[PDB]
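Novice: build me a model from this:
(one chain, ligands or ions: 1)
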Amino acid sequence: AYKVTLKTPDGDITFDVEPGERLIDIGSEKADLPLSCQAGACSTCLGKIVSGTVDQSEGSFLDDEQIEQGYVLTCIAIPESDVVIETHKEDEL
Ligand code: FES
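Specialist: Numbers count the residues shown, from 1 in each chain. You can find the structure just below:
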């Protein structure tokens, strides 16, 4: 499985995700994570990837530069490695 660490403003939590699954399913169980559209079309769930890789090609909101800087729509992101993501980042846009 992939090891996912969510670095939230109130602490870090680490959990495993079966390959191919979205991290938000167990993530929302283990932490209070902000969501709105749940479909990759807003920035409510924005996070920043610190290490590892995701597939977030389901998303439509971020521009190429934001993706290149490591921003991630956590509601649709699918890990492709162990990943560390800082959550609650929408105020940086
Ligand atoms: S909740 Fe809208 S993009 Fe994730």
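
Novice: end to end, how far does stretch 35-49 reach?
Specialist: Separation of the first and last residues of stretch 35-49 by C-alpha to C-alpha, to the nearest Å is 17 Å.

Novice: just stretch 6-14 next, same as before
Specialist: This stretch, stretch 6-14, spans 6 Å end to end (C-alpha to C-alpha).

Novice: stretch 70-90 too?
Specialist: 13 Å.

Novice: doesn't residue 28 lie inside a strand?
Specialist: No. Assessed with DSSP: H, G, I helix; E, B strand; the rest coil, residue 28 is helix; it does not lie in a strand.

Novice: now it: how far from residue 63?
Specialist: As judged by C-beta to C-beta, to the nearest Å, residue 28 and residue 63 stand 26 Å apart. Placement of C-beta: from N, CA and C, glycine included.

Novice: measure the spatially most central residue of the chain to the ligand for me?
Specialist: By C-alpha atoms, centre = their mean, the chain has its centre lying nearest to residue 74, at 2.7 Å. Counting by C-beta to the nearest ligand atom, to the nearest Å, the gap from residue 74 to the ligand is 6 Å.

Novice: wouldn't that residue be in contact with residue 88 here?
Specialist: No. Counting by C-beta atoms under 8 Å, residue 74 does not reach residue 88; the two are 9.5 Å apart.

Novice: list residues touching both of the two?
Specialist: Listed as contacting both residue 74 and residue 88 by C-beta atoms under 8 Å, 6 or more residues apart in numbering are 33, 47.
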